[PDB]
Amino acid sequence: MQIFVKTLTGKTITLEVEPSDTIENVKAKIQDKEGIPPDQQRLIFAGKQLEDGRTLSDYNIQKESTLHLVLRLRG
Amino acid sequence: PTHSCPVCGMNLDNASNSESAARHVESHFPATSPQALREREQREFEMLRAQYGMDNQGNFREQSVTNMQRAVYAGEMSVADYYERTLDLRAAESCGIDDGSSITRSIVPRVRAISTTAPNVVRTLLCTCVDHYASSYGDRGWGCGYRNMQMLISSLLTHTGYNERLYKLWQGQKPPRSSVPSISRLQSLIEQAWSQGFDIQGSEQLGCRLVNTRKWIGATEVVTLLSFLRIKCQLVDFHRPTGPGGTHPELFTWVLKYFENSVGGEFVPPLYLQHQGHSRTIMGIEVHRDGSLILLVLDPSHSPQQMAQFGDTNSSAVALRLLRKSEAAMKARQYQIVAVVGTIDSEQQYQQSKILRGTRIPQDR
Ligand code: NA
Ligand code: NA
Ligand SMILES: [Zn+2]
């Protein structure tokens, strides 16, 4: 199924995912597509930072959801 | 149904356990009553952009004027003070220099006097010198990374070798050699560094725009700026806890070894310290009588009035608690440190420093 990953600049990419994919897997797909190292990626959905070991299903992330991608450690 | 989802009305009695039931409910955040999903995306997008300042909205001068005026109407600042502060600001900003309004001087001798007489302290290992820069009217809420840059630059400028490199940022103008760049000037220098190819990855992350914004920065922008100015840094990534209860003993060990180079009298600058959402400056470390290590951490969120206590007639022994951080007080999941370690001495190394490189502790690469 398709979801979207959007950075805070508005750059939006689409990913092919499944509900049983882990967050770690999604960050790997982001790296495959955009070359962004997973250790720089902070994925946010519905006010939570998504944990690498959980699945999209755990977070109730359905088709056409947008995950927001925050990069690096800033403040 | 003893309990169902208050947003979508799903029967939660058949959930695998209470965690999964609660996790389903929380997936509707921020909705708490029966309420498209593209709307929640927009709201979250806007709230994250406002938090990180990634919408470019506002700037230092505007926030200064607004917050100083609010202080005037609140009875906190006289109209006379409004005029003096505004004039000082315009004058210093005309030269790209910080106006000095939020500085507290001579931090090292003041902290050393209190620390070395503290009863449980056996060793006090400090950077050579540092001034404290507090966030103020124009940058409160977002300026922390820049203020910490200012604190580090204030120390580096006392070293003639580093002063020679940093002074190049003035690009023709000839201010006093101890002048520290303003926040707006720092934003400009980072944009200039980006446009010459420094950290293309990072400039893209920040929308290729920093001047006249209130945008959060982090350790990589520190490295970008100093590398641009031909100063060699190291970026150390303490990417996960290394001790019990989520603590970072390996970060404290690293800082101890860093400052152990300070007892020889050679110049040692402070350290830039990042965690998620906020940055600070490590100015030193104490060894207490049981052997435990206590960081001395300057923080731009502390006011000049708080920092004035270290020079006071009283406020000393317990006032030091403001700077002290034990391992139990440093429980962010991740920290990054930027240390200045020397100078970039050739065009080859200069060009190579345009691709930022970090060190991971523990090593996982
Ligand atoms: Na702006
Ligand atoms: Na403290
Ligand atoms: Zn529901």
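The header says X-ray crystallography, 2.0 Å.
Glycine residues also receive a Cβ, built from the backbone N, Cα and C atoms like all the rest.
Taken straight from Swiss-Prot:
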CROSSLNK  A:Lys6  ubiquitin cross-link
CROSSLNK  A:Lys11  ubiquitin cross-link
CROSSLNK  A:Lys27  ubiquitin cross-link
CROSSLNK  A:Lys29  ubiquitin cross-link
CROSSLNK  A:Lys33  ubiquitin cross-link
CROSSLNK  A:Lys48  ubiquitin cross-link
SITE      A:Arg54  site 'Interacts with activating enzyme'
CROSSLNK  A:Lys63  ubiquitin cross-link
MOD_RES   A:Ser65  phosphoserine
MOD_RES   A:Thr66  (Microbial infection) ADP-ribosylthreonine
SITE      A:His68  site 'Essential for function'
SITE      A:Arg72  site 'Interacts with activating enzyme'
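Structure coloured by features recorded in Swiss-Prot.
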residue: A:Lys11; record: ubiquitin cross-link; Cβ neighbours (10 Å): 13
residue: A:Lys27; record: ubiquitin cross-link; Cβ neighbours (10 Å): 22
residue: A:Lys29; record: ubiquitin cross-link; Cβ neighbours (10 Å): 18
residue: A:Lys33; record: ubiquitin cross-link; Cβ neighbours (10 Å): 13
residue: A:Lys48; record: ubiquitin cross-link; Cβ neighbours (10 Å): 14
residue: A:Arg54; record: site 'Interacts with activating enzyme'; Cβ neighbours (10 Å): 14
residue: A:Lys63; record: ubiquitin cross-link; Cβ neighbours (10 Å): 9
residue: A:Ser65; record: phosphoserine; Cβ neighbours (10 Å): 22
residue: A:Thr66; record: (Microbial infection) ADP-ribosylthreonine; Cβ neighbours (10 Å): 21
residue: A:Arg72; record: site 'Interacts with activating enzyme'; Cβ neighbours (10 Å): 22
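Applying an under-8 Å Cβ distance to chain B, the recorded positions A:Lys27, A:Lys29, A:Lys63, A:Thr66 reduce to A:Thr66.
Counting every protein chain shown, the number of other Cβ atoms lying within 10 Å of the Cβ of A:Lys6 (ubiquitin cross-link) is 17.
Shown in sequence order, A:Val5, A:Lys6, A:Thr7, A:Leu8, A:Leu43, A:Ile44, A:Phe45 are the residues of the chain, 6+ apart in sequence, with a C-beta less than 8 angstroms from the C-beta of A:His68 (site 'Essential for function'). When the C-alpha distances from A:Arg72 (site 'Interacts with activating enzyme') to the recorded positions A:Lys29, A:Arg54, A:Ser65 are tabulated, the minimum falls on A:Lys29. Spatially, by CA atoms, the recorded positions A:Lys33, A:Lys48, A:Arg54 include one closest to A:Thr66 ((Microbial infection) ADP-ribosylthreonine), and that is A:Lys48.
According to DSSP, A:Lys48 (ubiquitin cross-link) is assigned to a strand segment. Cα-Cα distance from A:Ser65 (phosphoserine) to A:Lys48 (ubiquitin cross-link): 14 Å (rounded to the nearest whole number). On the backbone, the CA of A:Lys33 (ubiquitin cross-link) and the CA of A:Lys63 (ubiquitin cross-link) stand 19 Å apart.
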